[PDB]
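Heads up, what comes next is one protein chain in two forms, each shown on its own as structure tokens, labelled structure 1 and structure 2.
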Structure 1
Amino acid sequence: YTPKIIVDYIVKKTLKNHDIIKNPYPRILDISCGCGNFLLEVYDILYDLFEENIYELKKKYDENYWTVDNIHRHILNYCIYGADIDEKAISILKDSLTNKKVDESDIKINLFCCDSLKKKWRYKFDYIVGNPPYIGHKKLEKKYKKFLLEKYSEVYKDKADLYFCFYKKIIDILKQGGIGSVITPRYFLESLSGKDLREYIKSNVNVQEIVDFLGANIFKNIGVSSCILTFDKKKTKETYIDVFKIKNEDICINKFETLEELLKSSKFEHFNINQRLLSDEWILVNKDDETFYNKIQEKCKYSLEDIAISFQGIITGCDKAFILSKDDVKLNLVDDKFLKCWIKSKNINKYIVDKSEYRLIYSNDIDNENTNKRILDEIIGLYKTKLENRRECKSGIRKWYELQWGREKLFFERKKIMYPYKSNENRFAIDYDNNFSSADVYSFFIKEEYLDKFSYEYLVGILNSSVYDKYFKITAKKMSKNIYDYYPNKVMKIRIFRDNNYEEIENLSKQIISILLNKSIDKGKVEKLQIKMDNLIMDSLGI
């Protein structure tokens, strides 16, 4: 169930400026009403609007039809439309709507118990509101997913979520000049799976306002990051979008009387976006952050993709069969040529990597089972059956004892830069011990021809600075509260520079690394050094 404040906000957002005199026959649709949270509020608003202008309607239109007693019949016969796939919810909503008046004649309530995606809608609607389903994300049957692919190929493709299709339907059955307002998961704004949906929305309807709650738990005891979308098909010219992005992601929804109070408060920030200038990723930032990003973009000649080679870590397919504690006695059974140092994301800090506490048995270098039978029977064979269920093992590409994705050793066994894929801040570290890692850590190394221009020390100096932390967080995807996704498709697009401040920045980075490396270390001075480096970086970027 949607929170009541959100429902009231959406309903008012649509119907507040409706001219009931000009069009006393509005069609308002709840595609997924459930118990009818939106439709009851729509009924109340419509009843108040009609009673407020009942005598004007009587004077202009038929004098007998427009009476206060007839408002209930008119609303239930011509105005409210609801759809659902649950018959019990439909019956409950019908009973509530009938009891809103409190049997002389028959009142036909326009309620449909059907699949909204597969229904042949007879007419479009002036207003559409509600909350599309999200409980069923990947639980669709094979036939249903095939139908979605065949009939909704423009917004739904493989990894797309169900509610994407709903968006298309809401756009398709919206009357020209009508208004739609829904609360949905916010993931389609930034996820690569929703590029088709974003383009479909941008090229058809005018978006008016986006409420981005980010990681705030809008739905109690439900872990979905929600957003509110309002749009119209009116003949606007400029079509600027109000954006209300939350600031404090730990606020409580119930602690406010209305959503307007929360939006106008300091817990939210507002800025305008030109819809014509939207990219595919829908970067939504204020003017100051936009100027910061543009300055950094124009100042930097190179990007990480231009001067570096990036790769994902080892994917064994069964970590228990190949990862052991360095203290484990079974490592005495494995030749040290097959053992590689193994690190996790927690082992990666700024500028350096913690000492590896684990060893990976790089079984791809085991040639035959006869010579190393002890390794294959006493260590790796413990999970042989599970290792046999891997896709490449079943297809015959990889042997049962080999790593599913062992990548290339020579990529890992070199001086490189490693970073976690999900972190609250920029943590880029120079690896000095040829560490191997799982997919939770990404790595990259400088290209050979750019080694004279860029050094690992300078790269980790600029990347770990607060300047580049802000620069990356501007465009980075926020997967959860206080957690950003650090993936190559975003990390490698970071732009880097080099100028007269290069040598001093590199020296400061070297000092920080040297302090962090020694045993008798106090963090201390490092912070001071960092501050100085940041100054230079700002001096280099004109910020």
Structure 2
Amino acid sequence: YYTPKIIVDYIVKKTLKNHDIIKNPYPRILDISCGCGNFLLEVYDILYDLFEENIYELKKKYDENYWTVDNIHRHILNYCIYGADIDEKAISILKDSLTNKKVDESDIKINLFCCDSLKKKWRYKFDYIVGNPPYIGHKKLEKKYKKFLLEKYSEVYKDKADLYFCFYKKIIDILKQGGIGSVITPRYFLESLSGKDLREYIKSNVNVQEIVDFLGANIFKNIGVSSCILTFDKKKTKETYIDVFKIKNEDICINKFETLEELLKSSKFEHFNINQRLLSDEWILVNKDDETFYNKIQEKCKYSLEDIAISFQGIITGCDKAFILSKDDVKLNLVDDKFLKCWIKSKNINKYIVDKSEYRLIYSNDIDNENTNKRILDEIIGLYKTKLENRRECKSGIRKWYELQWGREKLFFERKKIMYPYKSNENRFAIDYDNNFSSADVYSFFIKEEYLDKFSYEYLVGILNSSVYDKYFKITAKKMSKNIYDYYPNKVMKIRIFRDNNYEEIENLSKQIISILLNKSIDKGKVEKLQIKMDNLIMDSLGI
């Protein structure tokens, strides 16, 4: 979890580069999760040069005996650097590092606190705040602790929110008037549904100076997280425009230049501005070309998928190894075919059509009692009885030990519907003809009856799989890792759709693609030509 030095230097320089040390020689710089002091040790170096370069001006303007170069080390540690961390071994190491910057005279007091930053009663605000807070999601966070966050941090922490939301809140709350904060956190709060309250909190309490979005790039080696750097202030400012630096190529190595600023100004990043006053509850962080593109589509389309469709998440068995068998597995001979459903994974979804299924789900909810079908329970499902019994609804009695945890409603699956993978590099919406069941890695919707005469499944997969809609969706989608976006209903169902003079031709092209994709000898190339023709029709329709 060590933050790379090139990022640490940038965040520290972002806050202190324009500090007027003559006007205020007592700046308070805080790291609320300082660890071993990746940031604070750099703050010390930057402060020391700042004081030494102006030592004679300070000696003249202020106590001429206090301001000597020999006194800078003590002054920094007594009045300027503040750290907090829950790990006492980390604080003990940082205290030793800060002491070793000078190399007892008299007992220098360092402002390091071993505590929970979210619980500490903070006695004063701070001029500058930097660091890299902990990230802990809803599954890994201790349940007794979550009761505390839901009580005391409800303005940013609810439901499936993350712990680092609370650090944004704490950092903002203890930032002095006119102060500057700069942190590196996961990027997901910029787009996620859970981050809505946090985005409202940031926008309405600080001026966001700058957002560095690394998208799917791997900033932390051997860590599966996607990062951003937020810089914000509480200055009295009227313009309130955000500098947004979005990475262009996710495969870039971060150390190509001596400094991060060189990387940002390079061709490896795009820069654009966003008006903070124009931010809705969603933050549309795109350049002017993309904003025009996005707005054209939004205004043109009179419907959304949510308007015309019923959406639902897939089956959640609660223990897949207990209920999912290969269709060639001999144990399926014990299971009556009335209990067996086709099962697909996200990899089975292509554009327009689903691979033939290779797995079967035992829809165990339809097993009436333990004595009629003893063989299935003893020889297939019962091999995982202990794990099945530990599921939440089994411990509370709502589920029998052999039942599916969230079996949903079979009738929603056993119908013509559209399916798409929950995480993908591109739009892949397929028409399911085979009553496929799936887990939560595949989402489904079917068309409401009253919209069937306006929209057909064949038309919908045509436009949703188009190049236009792939770009259109990815503008506001949640970037997860390198070449992975979330395709979840909370954004997929917000996709807006249109219907105009090109409807018949778009639908016809979609059927030709479906027909070719289902044939034995597939000449995939003609599909690409048809898709290009369809994309041109869609661009003609939307005026782009």
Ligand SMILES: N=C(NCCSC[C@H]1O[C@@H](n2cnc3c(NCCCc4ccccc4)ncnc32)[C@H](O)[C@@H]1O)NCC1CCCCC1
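Structure 1's sequence is the ruler for residue numbers, which start at 1.
Working note: structure 1 is the copy from the form solved without the ligand; the remaining copy is not. Of the two rigid parts that shift between the two structures, one contains both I241 and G130. C-alpha superpositions between the two structures give a turn of 10 degrees for the smaller rigid part relative to the larger.
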